[PDB]
Ligand code: NA
């Protein structure tokens, strides 16, 4: 499904993402916006290394979830990558929390560095009542 901005903001807050490991809600919103445009069914195949990015946060199969076709991969979130394509984002959120628990934190997503880091991200949550 494709979330509307404020709808997603309220959903993430309820799931406990605001300030999770120091990452503000607006940063997670900026990340979801640039990664998938708030689309839970988005997938991106990386022909260069044979891995695929899944869901709203575009989580990669080489380390985070299992899709069976990615070479030399692990599954740190202990999930089938299919779980990251559901309309209900509970599992995608639990896995995103795992990703940021790693030593790079939010920086793990290159898109965050490119479009969110050191920018005014307030706009992503304004008017949402969060
Ligand atoms: Na994997």
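Chain A residue numbers are taken from Swiss-Prot; in order, the displayed residues are 19-148.
For this deposited structure, the header notes the method as X-ray crystallography, 1.8 Å.
Cβ from N, Cα, C; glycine included.
Quick look at what Swiss-Prot annotates:
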type     : residues : note
ACT_SITE : 53       : active site
ACT_SITE : 71       : active site
DISULFID : 24-146   : disulfide bond
DISULFID : 48-134   : disulfide bond
DISULFID : 83-99    : disulfide bond
DISULFID : 95-113   : disulfide bond
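Positions of the features from Swiss-Prot, shown on the structure.
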residue : record         : contacts (Cβ under 8 Å, 6+ apart)
24      : disulfide bond : 145, 146, 147, 148
48      : disulfide bond : 130, 133, 134, 137, 139, 142
53      : active site    : 60, 71, 74, 75, 76, 127, 129
83      : disulfide bond : 72, 77, 93, 95, 97, 98, 99, 101, 102, 113
With every protein chain in view, what's the tally of Cβ atoms within 10 Å of the Cβ of residue 71 (active site), excluding that atom itself?
22
Candidate with the highest Cβ count within 10 Å, taken from the disulfide-bonded residues 95, 99, 146:
99
Sparsest Cβ surroundings (other CB atoms within 10 Å) among the disulfide-bonded residues 113, 134:
134
For residue 83 (disulfide bond), which DSSP three-state class applies?
coil
